[PDB]
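Scroll down for the structure; my scribbles are underneath it.
For ligands, and for the atoms within them, numbers begin at 1 and follow the listed sequence. Along the sequence shown, the residues carry numbers beginning at 1.
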Amino acid sequence: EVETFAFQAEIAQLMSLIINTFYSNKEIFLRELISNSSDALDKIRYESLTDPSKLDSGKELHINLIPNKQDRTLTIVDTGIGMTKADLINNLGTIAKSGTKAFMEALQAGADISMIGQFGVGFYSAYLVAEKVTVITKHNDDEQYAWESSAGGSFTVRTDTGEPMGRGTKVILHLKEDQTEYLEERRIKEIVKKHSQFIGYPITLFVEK
Ligand SMILES: c1cnc(-c2cn[nH]c2)cn1
């Protein structure tokens, strides 16, 4: 049972701009997704300070980077607070309408795409390198759901029957054919060292057989 939704016009405009603008510094997508994971881990940590049972779904707070050259996917896994179904539909827990508005005024006033995270819509930088993005998420107050979009103005939401997560979010980047450098160990290591050196959670880069 798959539900198909239309993006708000402003968000469709944001994704088309990310996809169509010539902009070589694509590597910032990873910084933005790791920063979102860190924000999500901060949220569940804060809730656990007054209610330890919030971590019954998983005590470990971490970020895993899982490249898969056979599937041509880069997966970013975190054990943060996760998102409800309502969060997923409402632009993955962002204020993307007003964030896009501010972002696009900044771009016409000197800014470049690498500053997207300052406007709260850094998730959509995934489409710098991915032709399709799948988001699997589990919030303590909801069931496990799968969000998916290949842009084109629509996204889908369905209950996820796959591997249970416990709690957190898994962003699966189905990479573009010419963006497979982000599956190489030394390239991922370089980007993490360059842009995410002060993230306060363990970031584990998985290796492949
Ligand atoms: C990218 C975008 N959003 C997230 C997230 C996780 N929990 N809540 C929001 C993670 N990575």
At less than 4.0 angstrom from any non-hydrogen atom of [X], what atoms of ligand 1 do you find?
| X | result |
| --- | --- |
| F123 | 1 (C), 2 (C) |
| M83 | 5 (C), 7 (N), 8 (N), 9 (C) |
| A40 | 6 (C), 7 (N) |

query: Can you check whether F29 and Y182 have ring centres sitting under 6.0 Å from each other?
result: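 Yes, close enough.
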
query: Any donor and acceptor pair, going by atom type alone, linking the side chain of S53 with main-chain N or O of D56 inside 3.5 Å?
result: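 Absent.
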
- request: Could you tell me whether ligand 1 has any atom less than 4.0 Å away from a heavy atom of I81?
  value: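 It does not; every heavy atom stays at 4.0 Å or beyond.
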
- prompt: Any chance the side chains of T134 and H174 put a donor and an acceptor closer than 3.5 Å?
  reply: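 Checked: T134/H174 side chains pair up, N/O donor to acceptor below 3.5 Å.
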
field: Parallel, tilted or perpendicular: rings of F5 and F155 (30°, 60°)
entry: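 Judged by the thresholds at 30° and 60°, the geometry between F155 and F5 is parallel.
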
field: side-chain contact (heavy atoms from CB on, under 4.5 Å) between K54 and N140, worked out
entry: CA-CA 7 Å; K54 296 262 173 171; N140 281 334; 4.3 Å; yes

query: What residue and atom, counting heavy atoms only, is the protein's closest point to atom 10 (C) of ligand 1, and at what distance?
result: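 Among all protein heavy atoms, the one nearest atom 10 (C) of ligand 1 is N36 CB, 3.7 Å.
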
message: Are any of the N/O atoms on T169, whether in the backbone or the side chain, positioned under 3.5 angstrom from an N/O atom of ligand 1?
response: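 Yes; at least one N/O pair falls below 3.5 Å.
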
